[PDB]
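Asks: Pasting the sequence and an experimental structure:
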Amino acid sequence: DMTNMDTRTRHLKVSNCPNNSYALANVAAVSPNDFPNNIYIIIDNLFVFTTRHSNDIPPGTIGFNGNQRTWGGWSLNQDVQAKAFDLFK
Amino acid sequence: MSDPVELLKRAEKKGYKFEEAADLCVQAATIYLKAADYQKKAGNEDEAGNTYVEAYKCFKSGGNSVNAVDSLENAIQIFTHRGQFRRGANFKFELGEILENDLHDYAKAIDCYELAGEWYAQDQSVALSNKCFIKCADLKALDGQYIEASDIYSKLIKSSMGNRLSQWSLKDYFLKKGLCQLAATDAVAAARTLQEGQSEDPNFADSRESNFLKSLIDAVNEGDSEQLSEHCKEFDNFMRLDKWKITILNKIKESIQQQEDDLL
Amino acid sequence: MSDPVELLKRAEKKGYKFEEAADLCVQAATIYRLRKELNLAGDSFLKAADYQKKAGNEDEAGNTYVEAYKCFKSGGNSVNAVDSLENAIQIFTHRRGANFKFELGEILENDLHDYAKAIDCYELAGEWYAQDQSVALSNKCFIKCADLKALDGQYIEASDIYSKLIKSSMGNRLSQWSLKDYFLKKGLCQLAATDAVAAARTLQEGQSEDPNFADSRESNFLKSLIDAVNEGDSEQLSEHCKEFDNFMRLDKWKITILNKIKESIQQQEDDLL
């Protein structure tokens, strides 16, 4: 249910993926304090990913795998903008 | 010939008295630091520094690197305290050599080389300072300090610019600097260095070193480690690589591997 | 360590008395040098040198002035370095002057951009070196002087200095190439002065006197430039310049000379109307 969610923009650091399993799932791992669980989030208004709760990633940081960085051309520790996404609208 | 042990005992007993004890110690030692200490106690600092240089000389010859280092330190302090920074810089460079080769204390060698180069610069001796800075940058890059090594290479480039004599050095300098910037994963800085070298020094623009640096920059940009290895072999085939470059490019390749680990 | 300010105050109070004041100033100044306060150390050497002059020890004053020049130059104060070199040069000449005059000319040319004074210094240094029979040092000073003079609009004088260099370097196996360039440069200067006939005379003299220059690329380039100026074909001159650059890179001096020459062809085109 995506009807209600905080859409405020956040600046998050790109860091190494927590482990091989998270990279396989292709889901943006975020802390519970960052965003709700199982919702679609857009990044840079171009890159959309599904959020999953992860206690290993501190609040204010976003985890990515290599393929996502290759797609976005990002380096380690780069700052990216994250917002809530609504594809249906 | 007098017994050196008896002379040393007499010097200790007398230790003008300090001068006589120092002379006795010098005689016993010649038959074979204490004399320099006595000279310091006598106020003759210059003679103490010369005697310390002699102590360093024989300690290095006897394989006693530690005592040689100590003697150089006292001599350097004495000379610097007397305004003879030229002597201090020469002996600091020798001390850095001793640290780098005999004791493998690379950090102290880096400090010694940096200080010797700075004092040489203060004496307007461009070439000795340039040599000291080459040594300092080489050790710093080998020590994991790529950014500082690149900065020292920039200083070397600026000091050697416009001199017809140091051309070749420049040709290498640019390359080395870029390599260091590429060891720090800063490919953009390496490209900037290559462009600056190409535009500022016509010799470097057409030099094989410039092409090799451009090829390395392109390889890191595409993340093709094998292409980097091929370029390294091609470069080796015409101009032999040295252990410094081997280490820099090995860390660069391991950084590509780390990026591949980061890729997963 | 003693306070350099207190030492300077004591030196001023005492200023045999001059010798003691100079020693105190030297001590304070070495302390300043130890602190990397190069400008204050230079000022203190200058005070010590002045006191030594007042004491009659002119040689010590000159050495102290040289130290002032060294530390001012290391400290980035070009003007005080120039002043110190001037006093040292005067002291030495009255009793080294050429060496320090060459250094002074270098300082003027690179740091202060006072090209006329640099030309004067180089000319004087070369003359004194010639008086000492040091052919190579005089030749270097004259190269610098001629280069600056040609860049300064004095083409005839630069060509004369190049002729002097040619005469001094003739017969020496070590300076052959220098001659090969000398002739060229001289001709270029004569061509900057619109004196194409003199350039041709210089080329002929170089070809007949120095076999190496006769077959050298520089001789062909000079002949091509002379022909181009004779026909008034500026584009042909540009083509020759590019051809010359392709095998032997040109330097900024030649760039300026040939640019003024091309602008002189344009001025002739203005006179054509």
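Replies: Done, it's in. Numbers count the residues shown, from 1 in each chain, chains lettered A, B, ... in the order given.

Asks: Flag every residue of chain A that's near chain B.
Replies: Residues of chain A found near chain B (C-beta under 8 Å from any C-beta of the partner chain) are A:16-17, A:20, A:23, A:65-67, A:69-70, A:76. Yep, even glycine has a C-beta here, placed from its N, CA and C like the rest.

Asks: try 6 Å
Replies: A:16, A:23, A:66 (C-beta under 6 Å from any C-beta of the partner chain).

Asks: Surely the second one and residue A:63 touch.
Replies: No - checked against C-beta atoms under 6 Å, the pair residue A:23 and residue A:63 is beyond contact range at 8.7 Å.

Asks: shared neighbours, these two?
Replies: residue A:17 (C-beta atoms under 6 Å, 6 or more residues apart in numbering or on different chains).

Asks: of these two, who's got more company?
Replies: Set residue A:23 next to residue A:63 and count neighbours by other C-beta atoms under 10 Å in any protein chain shown: residue A:63 wins out with 23 against 20.

Asks: That one: what's it in contact with?
Replies: A:15, A:17-18, A:29, A:57.

Asks: try 10 Å
Replies: Taking C-beta atoms under 10 Å, 6 or more residues apart in numbering or on different chains, we find residue A:63 in contact with A:12-19, A:22-23, A:27-30, A:52, A:54, A:56-57.

Asks: got it, and residue B:68?
Replies: For residue B:68, the contact set (C-beta under 10 Å, 6+ apart) comprises B:55-62, B:94-95, B:98, B:102-103.

Asks: Ok, residue A:46 next?
Replies: Residue A:46 sits next to A:71-72 when contact means C-beta under 10 Å, 6+ apart.

Asks: do you know how far it is from chain B?
Replies: Per C-beta to the nearest C-beta, to the nearest Å, residue A:46 is found 20 Å from chain B.

Asks: Can you name the residues of the stretch 51-200 of chain B sitting close to chain A?
Replies: Counting by C-beta under 10 Å from any C-beta of the partner chain, the residues of the stretch 51-200 of chain B lying close to chain A are residue B:185.

Asks: can you confirm residue A:32 is in a helix?
Replies: No - counting by DSSP: H, G, I helix; E, B strand; the rest coil, residue A:32 is not part of a helix but coil.

Asks: okay but it is in contact with residue A:53, surely?
Replies: Yes - at 5.3 Å, residue A:32 and residue A:53 qualify as touching, with contact defined as C-beta atoms under 10 Å.

Asks: More neighbours: which of the two?
Replies: residue A:53 (15 against 11).

Asks: how many neighbours does the residue of chain A at minimum distance from chain C have?
Replies: Chain C sits closest to residue A:77 of chain A, with a gap of 37.7 Å, by C-beta to the nearest C-beta. Neighbours of residue A:77 under the rule other C-beta under 10 Å: 10.

Asks: pretty sure it belongs to a helix, no?
Replies: No - per three-state DSSP, residue A:77 lies outside any helix segment and is coil.

Asks: My guess is it contacts residue A:64. True?
Replies: No - Residue A:77 lies out of contact with residue A:64 (C-beta under 10 Å); the separation is 11.4 Å.

Asks: okay, and the common contacts of the two?
Replies: With C-beta under 10 Å, 6+ apart, residue A:77 and residue A:64 have common neighbours A:14-16.

Asks: neighbour-wise, which of those leads?
Replies: With neighbours taken as other C-beta under 10 Å, the top of the shared contacts of residue A:77 and residue A:64 is residue A:14, carrying 19 neighbours.

Asks: residues contacting it?
Replies: A:43, A:61-64, A:68-69, A:72, A:74-80.

Asks: Let's see that with 6 Å instead.
Replies: Contacts for residue A:14 (C-beta under 6 Å, 6+ apart) come out as A:64, A:74, A:78.

Asks: Chain neighbours aside, what residue packs nearest to the last one?
Replies: Read it as residue A:78. Leaving aside its sequence neighbours, residue A:78 sits nearest to residue A:14 (C-beta to C-beta, 6 or more residues apart in numbering or on different chains; 4.7 Å).

Asks: Would you mind measuring from residue B:239 to chain C?
Replies: 22 Å.

Asks: what sits against that residue?
Replies: No contacts exist for residue B:239 under C-beta under 6 Å, 6+ apart.

Asks: how close does it get to residue A:1?
Replies: Residue B:239 sits 66 Å away from residue A:1, going by C-beta to C-beta, to the nearest Å.

Asks: Over to residue B:5?
Replies: 97 Å.

Asks: What strand or helix carries residue A:83?
Replies: strand A:79-84 (DSSP states H and E).

Asks: Could you do residue B:128 as well?
Replies: helix B:126-142.

Asks: how about that helix: buried residues?
Replies: Buried positions in helix B:126-142, judged by neighbour count with 16 or more other C-beta atoms under 10 Å in any protein chain shown: B:128-142.

Asks: now do stretch A:68-87
Replies: For stretch A:68-87, using 16+ other C-beta under 10 Å, the buried residues are A:68-69, A:74, A:80, A:82, A:84-85.

Asks: Next: stretch B:247-254.
Replies: B:248-249, B:251-253.

Asks: do stretch A:17-30 as well
Replies: Using 16+ other C-beta under 10 Å as the test for burial, stretch A:17-30 gives A:17, A:22-23, A:28-30.

Asks: What is the end-to-end distance of that stretch?
Replies: End-to-end span of stretch A:17-30 (C-alpha to C-alpha, to the nearest Å): 11 Å.

Asks: Give me the spatial nearest neighbour of residue 53, chain neighbours excluded.
Replies: Unless you meant another one, I'm taking chain A. Closest to residue A:53 by C-beta to C-beta, 6+ apart is residue A:37, at 4.8 Å.

Asks: if you could check chain B rather than the one you did, that'd help
Replies: residue B:75 (5.0 Å).

Asks: give the contact list for the one you found.
Replies: Residue B:75 is in contact with B:49, B:52-53, B:91, counting by C-beta under 6 Å, 6+ apart.

Asks: Run through the strands of chain A in chain order.
Replies: In chain A, the strands defined using DSSP state E lie at A:10-15, A:28-30, A:40-43, A:47-53, A:61-63, A:79-84.

Asks: Might one say that residue B:231 is in contact with residue B:215?
Replies: Yes - if you go by C-beta under 6 Å, residue B:231 and residue B:215 touch, sitting 4.3 Å apart.

Asks: Looking at those two, which is more packed in?
Replies: Higher neighbour count among residue B:231 and residue B:215: residue B:231, with 20 against 17, using other C-beta under 10 Å.

Asks: Counting neighbours, what do you get for residue B:94?
Replies: Neighbourhood size, residue B:94 [other C-beta under 10 Å]: 20.

Asks: how close does it get to residue C:79?
Replies: 37 Å.
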